[PDB]
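Reminder, nothing fancy here: chain letters follow the sequence lines and each chain counts from 1. Computed from heavy atoms alone, side chains included, the values below leave out hydrogens, waters and symmetry copies.
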Number of protein chains: 2
Amino acid sequence: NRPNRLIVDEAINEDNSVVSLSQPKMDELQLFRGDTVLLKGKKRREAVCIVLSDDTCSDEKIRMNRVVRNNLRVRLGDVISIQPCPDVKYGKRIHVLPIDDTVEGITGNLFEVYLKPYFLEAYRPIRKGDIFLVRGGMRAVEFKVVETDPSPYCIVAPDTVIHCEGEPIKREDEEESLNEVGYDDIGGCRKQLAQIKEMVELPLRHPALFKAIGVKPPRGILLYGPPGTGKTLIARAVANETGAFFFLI
Amino acid sequence: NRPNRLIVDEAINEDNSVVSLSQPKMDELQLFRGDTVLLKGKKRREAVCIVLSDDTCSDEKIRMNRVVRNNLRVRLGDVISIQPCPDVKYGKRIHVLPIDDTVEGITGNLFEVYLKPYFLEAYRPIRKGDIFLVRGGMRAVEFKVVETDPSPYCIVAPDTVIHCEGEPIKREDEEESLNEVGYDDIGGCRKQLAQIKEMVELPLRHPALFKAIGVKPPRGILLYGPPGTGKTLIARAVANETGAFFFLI
Ligand SMILES: Nc1ncnc2c1ncn2[C@@H]1O[C@H](COP(=O)(O)OP(=O)(O)O)[C@@H](O)[C@H]1O
Ligand SMILES: Nc1ncnc2c1ncn2[C@@H]1O[C@H](COP(=O)(O)OP(=O)(O)O)[C@@H](O)[C@H]1O
């Protein structure tokens with residue numbers, strides 16, 4: 001019924017700001033791919049990402065990762081209004097600051113240890129006011145973008161100068177840290193975890209609905225397995241990805 | 001990269017002030033052997049020792065013992081700046097006082113019971129301001145050198161007169177006593193102990209590094225074996241040789 005067409009999903013393929021979108025319809029939004037696209041968040045936030053094709057993606061939903069999801073303050077199973085517009089405009093020398101408690105990881109040059117490989121050939125569109133994650137050297141850290149000269153967004157190429165700061169600042173507490181564990185930090189591809197998803201979807205992602213309708217949601221759940229098999233991950237990473245408050249007895 | 005070339009290591013061969021140094025390069029420092037050499041400590045301290053050759057020493061590191069190590073306030077795995085200079089100048093009648101609580105071991109003549117065999121044919125170079133250990137008669141004790149006429153150091157021969165004092169004085173508490181147990185006081189040549197070395201090297205000899213890098217050092221370690229097999233030695237002698245504070249529950 002003229003519905004937008006966007007659902008949010010975990011993305012198994014491993015990418016910084018890349019999206020899958022269904023082949024059974026490519027003509028409704030009609031994006032050739034690699035074309036800069038809108039993403040509508042909450043509260044007044046938006047994001048920009050690159051799109052690729054998957055035979056094994058659903059006609060239903062959209063593979064996207066944890067850095068895009070946290071920026072938008074979208075969650076799994078959520079829906080974000082989306083719109084294609086193809087256009088993108090280049091930008092300069094994007095500017096960068098440490099975010100939150102994390103820092104001290106880099107001594108001296110910090111764009112040699114971090115930036116060069118990731119902005120290399122990627123054309124990763126990078127926004128004012130978002131956080132992203134660079135991995136390497138046995139540590140991960142995130143660089144906020146406070147000031148970008150062109151706006152609202154800029155595609156990046158290595159024709160531009162390199163400005164440096166490197167001084168930390170406290171990130172807002174309302175934000176959900178990217179080190180707090182979530183679905184991707186749980187490995188094993190057991191698929192059993194998908195079973196806990198079906199149980200905790202409605203009760204703790206949709207509280208008000210159960211006062212409307214008589215049904216019985218499950219009160220308890222036992223995880224069992226020998227020690228070290230990830231039982232505390234599952235709870236931490238269900239509570240983190242659904243926004244519920246995790247307690248610990 | 002023009003590195004000095006000195007590393008500090010346990011020395012299994014049994015010697016008062018003798019050092020092994022690698023054959024794969026003898027030409028870089030170029031010491032024929034038996035030649036007085038510098039050793040650079042910390043804080044402003046230095047030492048002098050005699051050098052010998054080992055097929056089974058590494059090109060990497062340097063066999064030296066616990067009396068030299070405590071003087072320098074070097075530790076195992078540490079590195080001390082070193083320099084050859086061949087020269088040595090003779091000295092007189094070196095002067096000697098008891099050190100720390102230990103004493104009362106010798107009644108009357110104390111250089112008959114102690115000195116004569118060890119300064120005999122050795123040419124042991126002996127420093128102002130260091131402690132060394134003489135063994136015999138079911139006890140061990142150490143004689144500080146407060147006053148030596150020639151300086152900075154003197155090689156000794158038995159053409160000189162013998163002065164005696166024998167009255168104790170408190171040794172500085174900051175010092176690490178030579179009776180406190182360490183690697184050599186652990187016997188058995190199990191080589192298993194080498195395994196505990198690999199575990200406790202980085203965590204407790206290099207604390208600041210683990211706040212820089214994400215890794216998990218081991219929190220607990222179980223030693224097990226029937227009683228009397230040296231389990232309390234291992235802990236005492238890991239804590240003593242690494243400088244960590246030993247607690248006891
Ligand atoms: N299946 C898994 N996938 C990814 N990481 C795991 C897995 N199992 C364990 N880990 C890692 O090892 C630890 C497992 O300990 P824990 O979460 O206490 O498991 P349990 O609750 O079963 O004792 C976690 O900190 C996690 O980082
Ligand atoms: N392998 C060994 N090498 C040298 N000395 C040992 C050894 N095992 C025991 N000893 C000596 O005997 C005692 C062993 O007792 P202890 O250290 O309490 O061992 P455990 O902790 O296994 O009971 C130590 O005081 C030590 O002096």
- Go through the steps for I186(B) and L193(B) under the test side chain to side chain contact (heavy atoms under 4.5 Å, CB included), then give the verdict. CA-CA 9 Å; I186(B) 286 173; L193(B) 174 143; 3.7 Å; yes
- Message: Run the side chain to side chain contact (heavy atoms under 4.5 Å, CB included) test on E60(B) and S22(B) for me, step by step, so that the C-alpha distance in whole Å, both residues' side-chain angles and the decisive distance to 0.1 Å come before the verdict.
- Response: CA-CA 8 Å; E60(B) 296 292 311; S22(B) 58; over 6 Å; no
- Might you work through the side chain to side chain contact (heavy atoms under 4.5 Å, CB included) test for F119(A) and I94(A), ending with a clear yes or no? CA-CA 11 Å; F119(A) 66 80; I94(A) 189 173; over 6 Å; no
- Message: Under the criterion side chain to side chain contact (heavy atoms under 4.5 Å, CB included), I'd like the reasoning laid out for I234(A) against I196(A): C-alpha separation, chi angles, the key distance, then a yes or no.
- Response: CA-CA 9 Å; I234(A) 305 298; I196(A) 288 166; 3.5 Å; yes
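Checking each of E172(B), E176(B), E175(B) against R73(B) for a salt bridge (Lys or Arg N to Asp or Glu O under 4.0 Å) leaves exactly one that passes, namely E172(B).
Summarising the geometry, atom CG belonging to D184(A) is positioned 9.0 Å from atom CG belonging to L178(A); distances are rounded to the nearest 0.5 Å. Distance check, rounded to the nearest 0.5 Å: CD1 of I7(B) to OG of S58(B) gives 9.0 Å. If you take CD on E241(B) and CZ on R236(B), they are separated by 12.5 Å, rounding to the nearest 0.5 Å. The CG atom of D9(B) sits 7.5 Å away from the CD1 atom of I62(B) when rounded to the nearest 0.5 Å. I162(B) contributes atom CD1, which lies 14.0 Å from atom NE2 of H95(B) (distance to the nearest 0.5 angstrom). Separating the CD atom in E142(B) from the CG atom in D130(B) is a distance of 11.5 Å, to the nearest 0.5 Å.
A distance-only check finds no donor-acceptor pair linking the side chain of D78(B) to the backbone of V74(B) [under 3.5 Å]. Between the side chain of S177(A) and the backbone N or O of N179(A), at least one donor-acceptor pair lies under 3.5 Å. When atom types are taken as modelled, the side chain of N65(B) and the backbone of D15(B) share a donor-acceptor pair closer than 3.5 angstrom. In this structure a side-chain-to-backbone donor-acceptor pair under 3.5 Å is present from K231(A) to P226(A). With hydrogens and angles ignored, the 3.5 Å screen pairs a side-chain donor or acceptor of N71(A) with a backbone N or O of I131(A). Under the 3.5 Å distance criterion, the side-chain polar atoms of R75(A) are matched with a main-chain donor or acceptor of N240(A).
The minimum heavy-atom distance between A122(B) and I50(B), with the atom names listed, is O-CD1, 4.5 Å. Nearest heavy-atom pair, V146(A) versus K128(A), reported as atom, atom and distance to 0.1 Å: O-CG, 4.0 Å. Nearest heavy atom pair, residue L38(B) against residue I82(B), reads O-CG2, 3.6 Å. Summarising the geometry of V103(A) relative to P168(A), their closest heavy-atom pair is CG1-CB, 4.0 Å, with the distance given to 0.1 Å. The heavy-atom pair separating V68(B) from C49(B) by the smallest distance is CG2-SG, 3.5 Å. Closest non-hydrogen pair, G105(B) versus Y114(B), comes out as C-OH, 4.1 Å.
A heavy-atom distance below 4.5 Å is not found between the side chains of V19(B) and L52(B). The closest side-chain heavy-atom distance from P98(A) to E104(A) is not below 4.5 Å. Looking at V67(A) and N16(A), their side chains never come closer than 4.5 Å, going by heavy atoms from C-beta outward. Side-chain contact check for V51(B) versus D35(B): every heavy-atom pair is 4.5 Å or farther apart. Between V156(A) and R124(A), some side-chain heavy-atom pair lies under the 4.5 Å cut-off. At least one side-chain heavy atom of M199(B) sits under 4.5 Å from a side-chain heavy atom of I221(B). Side-chain contact between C57(B) and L21(B) is absent, with no heavy-atom pair separated by less than 4.5 Å. With a 4.5 Å cut-off on side-chain heavy atoms, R45(B) and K40(B) do not count as touching.
Taking the centre of each ring, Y118(B) and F132(B) stay at or above the 6.0 Å mark.
Using the six-membered ring where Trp is involved, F143(A) and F111(A) have ring planes that are perpendicular, over 60° apart on the 30 and 60° scheme.
For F210(B), the CZ atom sits in a packed shell: over 12 heavy atoms of surrounding residues, nucleotides or ligands are nearer than 6.0 Å. For CZ of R139(B), the number of neighbouring non-hydrogen atoms (other residues, nucleotides, ligands) closer than 6.0 Å is greater than 12. Heavy-atom neighbours of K191(A) NZ from other residues, nucleotides or ligands within 6.0 Å: at or below the threshold of 12. Shown here is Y123(B), whose OH atom has no more than 12 heavy atoms of other residues, nucleotides or ligands within 6.0 Å. Environment of CD1 in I169(A): sparse, with no more than 12 heavy atoms of neighbouring residues, nucleotides or ligands closer than 6.0 Å. Around CD1 of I12(A), the count of heavy atoms belonging to other residues, nucleotides or ligands within 6.0 Å does not exceed 12. In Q23(B), the CD atom is crowded: over 12 heavy atoms of neighbouring residues, nucleotides or ligands sit closer than 6.0 Å. In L223(B), the CG atom is crowded: over 12 heavy atoms of neighbouring residues, nucleotides or ligands sit closer than 6.0 Å.
Between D159(B) and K92(B), none of the side-chain N atoms (NZ, or NE/NH1/NH2) sits under 4.0 Å from a carboxylate O, so this pair counts as no salt bridge. Using a 4.0 Å cut-off between charged side-chain N and carboxylate O, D54(B) and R63(B) make no salt bridge. A salt bridge does not link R171(B) to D100(B): none of the charged nitrogens lies less than 4.0 Å from a carboxylate oxygen.
Under the salt bridge (charged side-chain N to carboxylate O under 4.0 Å, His left out) criterion, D185(A) pairs with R66(A), sequence neighbours left out.
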